[PDB]
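Labels A, B, C, D, E and F are assigned to the chains in the order they are written; within every chain, residues are numbered from 1.
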Amino acid sequence: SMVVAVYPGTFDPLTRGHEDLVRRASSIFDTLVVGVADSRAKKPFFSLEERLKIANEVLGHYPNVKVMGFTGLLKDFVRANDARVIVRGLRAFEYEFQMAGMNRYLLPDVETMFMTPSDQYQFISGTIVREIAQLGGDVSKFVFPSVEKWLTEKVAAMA
Amino acid sequence: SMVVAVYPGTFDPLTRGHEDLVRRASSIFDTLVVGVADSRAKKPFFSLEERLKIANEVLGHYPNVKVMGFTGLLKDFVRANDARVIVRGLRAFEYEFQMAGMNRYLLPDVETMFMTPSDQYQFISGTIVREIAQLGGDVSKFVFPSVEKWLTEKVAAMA
Amino acid sequence: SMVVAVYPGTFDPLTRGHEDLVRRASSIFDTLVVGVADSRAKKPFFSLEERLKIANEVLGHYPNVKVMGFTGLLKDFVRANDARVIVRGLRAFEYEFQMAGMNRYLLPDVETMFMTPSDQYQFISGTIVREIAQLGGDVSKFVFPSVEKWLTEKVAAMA
Amino acid sequence: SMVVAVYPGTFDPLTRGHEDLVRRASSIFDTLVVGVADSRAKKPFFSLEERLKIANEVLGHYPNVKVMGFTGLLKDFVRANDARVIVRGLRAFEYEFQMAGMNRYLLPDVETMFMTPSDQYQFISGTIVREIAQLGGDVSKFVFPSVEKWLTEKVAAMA
Amino acid sequence: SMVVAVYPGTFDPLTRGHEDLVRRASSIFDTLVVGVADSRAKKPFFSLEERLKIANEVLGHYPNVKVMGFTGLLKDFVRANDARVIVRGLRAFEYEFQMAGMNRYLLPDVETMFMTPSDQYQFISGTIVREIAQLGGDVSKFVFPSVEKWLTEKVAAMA
Amino acid sequence: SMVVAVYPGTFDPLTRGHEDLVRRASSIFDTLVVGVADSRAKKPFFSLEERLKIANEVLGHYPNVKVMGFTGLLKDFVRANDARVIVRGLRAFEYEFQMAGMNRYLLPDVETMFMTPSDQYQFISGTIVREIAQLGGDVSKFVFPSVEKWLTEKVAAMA
């Protein structure tokens, strides 16, 4: 059979933890669609278009990975992609179970499947990544060199 | 004896999960006062007056339920209502135990009693409800038809 | 109205934390029935009869508190006592939510209400109490003097 | 592609919660192998052979589900089945993350994927199921009629 | 040996819970540096300078306690103080483990050590403290009299 | 100043996670006493004497680490060692906070300090280690070669 899985997120920016999940999920499912949510309410540091370019630079080499943005409901993005799985990361839960439970009513034949990144990525926080970068600290332990470049450029252009 | 219980919350808007707690709590206590907190700091989607009308439309049929707003301290609302119980919902906790623990010093003879909604309401998040509704998605699985109407009207009037 | 609440537990032995919950719950409900579960599978340190005497010595002075044992299903003990509330303690949950959720199917009109003991009793563990007492350490910070006597006698009679 | 997933567990007995996970997982993966672990150390109420018959009676109608026992390491059962996924249930975690984390070292190309059962099965505990059944209470809300029969027979034969 | 420990935080304002940790940590380590983080992003109620004065008024009597502000990276504040320990409070964790885990990469020879305040301070929330004070409620159960004065003055000057 | 810290545990057997905590704690405190608890009630796989030899083989090279057994109360072992700190590991808590909270009453001037092992050891479970070893699986990812030898010998001698 052919199974498409969606991995949605704000990805502000894509971290080594997100990337590791992408590697892992994409070896299981036929197609893995990385869905970059507009996330207007969260006031993301990078624009949607920047977040797509960031993610594409890191992920473009995976042959069965598509990176796409969405501005609307996850329901509509999942159906559009003929997807029967939503992948989400769990690190060692409030939000995730609510989201999954509500998606059981909104997308009744879609399965949310929780995956866990490698040990070394378990403790990466996006908020802490952005904060460190905005204070001029390097986050190359947490994001790829291409992403660090984007962070440096945006912080410099902000100040 | 006569026991009045207060069930306070932002209720932005009242969900089927809140409503289920109201049903359950009001069959135990003589009077159940639903206290709608102004919650100015949270920047609620609906105004206090709208949140009261919303809640009254859903709850008015329960004979021992009162719906009232408050703009001040919970302590003052609880005393005003001669209440010896504060009801709060727990779903499967940081905030709730802090709030209860601090209320043990502020309201020493008042008992916080935690109740849990039916299975089907365990995963409803208010934040997700508002977000879905603001993106034009229906939330009738999570709120009553009267509440969906309010949501549709406010989203239309916002845009 | 008249509301009877059951507070069930193994109580091996009744701690200051259990006692504090009893005080608190019994000021709210008309009758509070402390239900001592036989708990055969847990292999309790004290026998059921000893656990009843222990609890009665501590609680007998509360006029609306009954202490009773049960060897069967909680369902049958709750119905017998015309109870519409089960009180359980929460300290800062796996077991408690499963138990409550399963009781929603077994006892559909009964409400489980979770209460939290005073600050100073939040960290008492029964297992640690028994272990300390079995090693000859005093647990008077955690159980009343009458209970310490029972513990000392049983540990001496064991060895 | 062809993806085999293993869903291992003690299954003492298979509950409606396990069954729901099986339904869900087996609509995603090509083959879903239910692995019944011997679990000698847990002293299971039913024997391995009984647990297999129990599970087969409930699951035999699913065309891509295999029910098999294993007495050895999960590693060996997973490899035997050419499986690249281990499915595990999460309800609203200590054990599960340890198990998954240790399996990342033991089975480096195998992905543990956590799934969550429908709302109505979120609160079923196996321990509580067995305890109720051993006290003569019906657990038909928690296990299928075929499983209730097995429970009744074993409890009667124990006493 | 000589061991300096840093206890960093927003301290908006210093509570009795923070103060208790300071007392406890400073009896173990030779020097305890209380690091007041600028925390611009959190939009703190008090300015950095106010938060330093607040903390100094309460803590100045401890002979081996230094109170200092920092506007940059924790890494730079920790190195500046020749510190090999970061002290953090735990009450009965998401943020704290991420922060500690990320600090293992940023400060590889520095140990994060988690301490827990006395029972009576376990449930104090800073957010609730500020909210109560902004509504005109007294928080003397949660902060020292000197801190209550600062809160009263700032709330009066805000309105 | 001179500060002795105790790190107590069952250590059945000492894992790479325990060892990492020992390394970390012993670079901070002047003396680190590893206290091997008899733990009779837990029915440990190795005897106390075996657990001491196991731990000494791994830890003997650390100059400020002492490995000692204790059969009585932790209180008595801590006082004997003039210790003002108890070190405990946290991985990403019920037991640990109860233990610490009860120790606040039993050892009022002693501080429990929680430390967290490196990323790669966060998911090691002792129970899973023993179970794997008893089924004939290698646990060299989780324990040092010297410990694997002990495990192999004991499993062979059991069967």
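Rule of thumb we're sticking to: contacts are C-beta pairs under 8 Å (C-beta built on N, C-alpha and C of every residue); 3 or more make two chains touch, one makes a residue touch a chain.
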Over-half contact-pair match to A-F, picked out of the listed pairs E-F, B-D or B-E
B-D
Between the pairs D-F and C-E, the one where more C-beta pairs touch:
D-F
Can you give the whole-Å distance between the Cα centres of chain A and chain E?
33
Do you know which chain D residues sit against two or more other chains?
92, 97, 100-101, 104, 119, 122-123
Looking at the complex, which residues from chain F come into contact with chain D?
92, 122-125, 128, 131-132, 135-137, 141-142
Per the touch rule above, chain F residues touching chain E in the complex are 1, 3, 24-25, 27-28, 30, 84-85, 90, 92-93, 97, 100-101, 104, 109, 111-116, 118-119
The answer for chain B against chain D in the complex is residues 91-92, 119-120, 122-123
Residue set of chain E touching chain A in the complex reads 41, 72-73, 75, 95, 97-102, 104-106
